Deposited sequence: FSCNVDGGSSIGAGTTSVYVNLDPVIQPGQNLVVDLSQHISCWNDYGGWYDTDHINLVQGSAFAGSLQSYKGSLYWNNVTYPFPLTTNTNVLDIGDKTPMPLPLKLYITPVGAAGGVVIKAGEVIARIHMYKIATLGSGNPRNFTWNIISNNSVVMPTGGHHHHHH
């Protein structure tokens, strides 16, 4: 099982920065959408659903810093969850060699500075376990970083 970010080199475990470009100016009350499907993809090395991998996001994943006071929601694989996660998300099955964009979106409800450029705005813990044997479990952490500032007028 492997993942990559923006077509980068394969990732087997660990913490990885995921850089996003956001609307730099948002109005009061309007929600910020952070689409992550366009940035992170994962795949099964076998294919044919042989040793299918089970993937979920993990309880405790939350905003960082900063947006700790912010409330929001997280979309994962046909279910939306309050964010920060107080439970695990549902499990996504990956058993094809075809890279699968993570079905993942982050929704953020906000002086005028909402997001600071270059800061970690969310820490998303992802868990992997395979079907074969003990499962070879692996932990991933995606540190979501905005390339640009987002402000309110």
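Next item on the list: Could you sort out which parts of the deposited sequence are absent from the coordinates (no C-alpha) and give them as ranges from 1?
Entry: Unmodelled stretches, in sequence order: 111 to 114, 158 to 166.
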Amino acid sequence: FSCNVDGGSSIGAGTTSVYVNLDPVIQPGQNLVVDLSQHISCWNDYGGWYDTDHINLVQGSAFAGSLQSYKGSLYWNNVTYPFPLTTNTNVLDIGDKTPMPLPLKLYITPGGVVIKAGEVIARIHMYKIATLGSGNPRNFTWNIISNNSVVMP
From here on, numbers count along this sequence of modelled residues.
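Rigid core here is just the name for the largest C-alpha set that superposes within 1.5 Å across the two forms.
Next item on the list: Kindly name the stretch, out of 20 to 28 and 7 to 15, whose CA atoms are displaced more from this form in 8 other deposited structures of this protein after the core superposition?
Entry: Between 20 to 28 and 7 to 15, the one lying farther away in 8 other deposited structures of this protein is 20 to 28.
Notebook entry, point to check: Say the other structures are aligned on the rigid core; which stretch then has the higher CA RMS in 8 other deposited structures of this protein, 37 to 45 or 114 to 122?
Noted result: Once the cores are fitted, 114 to 122 deviates more in 8 other deposited structures of this protein.
Next item on the list: Would you determine, from the values in the PDB entry, which of 128 to 136 and 13 to 21 has the greater average C-alpha temperature factor?
Entry: So the stretch with the higher mean C-alpha B-factor is 128 to 136.
Check: So 112 to 120 or 98 to 106, which one's hotter by mean CA B-factor in the entry?
Finding: Between 112 to 120 and 98 to 106, it is 112 to 120.
Next item on the list: Tell me, please, which of 69, 90, 41, 86 has the highest C-alpha B factor according to the deposited entry?
Entry: That would be 69, according to the entry.
Note to self: Going by the CA temperature factor in the PDB record, which third of the chain does residue 59 belong to: lowest, middle or highest?
What the structure shows: CA B-factor rank for residue 59: lowest third.
Checklist line | CA B-factor ranking of residue 26, expressed as a third of its chain | finding: According to the entry, residue 26 has a C-alpha B-factor in the chain's highest third.
Item checked: For residue 32, the third of its chain into which the C-alpha B factor falls -> Answer is highest: the recorded C-alpha B-factor places it there.
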